[PDB]
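This report refers to the structure that appears directly beneath it.
In the entry's author numbering, the protein residues as written are 545 to 694.
Shown next as structure tokens:
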């Protein structure tokens, strides 16, 4: 056993990093499941499990640095079948993306999360309610303000 004698944050960081990893593994597993034409739902079984961890706004720093934005981006990414069973999962994930504090625009750009959101936002099969939060995200993740407006 140990006690605090300086920074005690360690166990929490390992868990956040492991969560990013598990999200990635579930995203890759869905690719393999699809390769065998079996139902791919690993992101779905892991959905309530990630939400419990993703809501740890206290650990915002580790989540952003470990690249949760990249793992969420792959969860939004569907199989080559173009069906989007990820819809049920995205209902929670979109919200979590708006709970982020001051993630740099560079992170959104590098992870490609903005592109993943835009893909679904412009997707013709998608519902208005889910698109609203997708549109909000594109707005709050730096409006491009080209000009000719108020």
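Quick reminder that beta carbons are idealized off the backbone N, C-alpha and C, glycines included.
- Query: Under 9 Å between the Cβ atoms of residue 497 and residue 566?
  - Reply: Since the first residue shown for the chain is 545 and the last is 694, residue 497 is missing from the structure and cannot be characterised.
- Does DSSP classify residue 666 as helix, strand or coil? coil
- Query: Which residue from 653, 584, 550, 612 puts its Cα closest to that of residue 559?
  - Reply: 612
- Check residue 673 in the structure and name its three-state DSSP category. helix
- Task: Return the CA-CA distance between residue 597 and residue 582, expressed in angstroms with no decimal places.
- Result: 28 Å
- Taking residue 574 as the reference, which of 649, 563, 550, 628 has the closest Cα? 628
- Roughly how many angstroms separate the alpha carbons of residue 609 and residue 556, rounded to a whole number? 14 Å
- Item | Secondary structure of residue 581, DSSP reduced to three states | coil
- Query: What residue range is occupied by the uninterrupted alpha helix (DSSP H) comprising residue 599?
  - Reply: Counting along the chain, residue 599 falls outside any alpha helix (DSSP H), and DSSP gives it neither H nor E.
- Query: Quick one: Cα of residue 637 to Cα of residue 594, how far?
  - Reply: 9 Å
- Evaluate residue 633 with the Cβ neighbour count: other Cβ atoms within 10 Å of its Cβ, from every protein chain shown; 16 or more gives buried, anything less gives exposed. buried
- Given residue 622 as reference, the closest of 686, 588, 683 once Cα atoms are compared: 588
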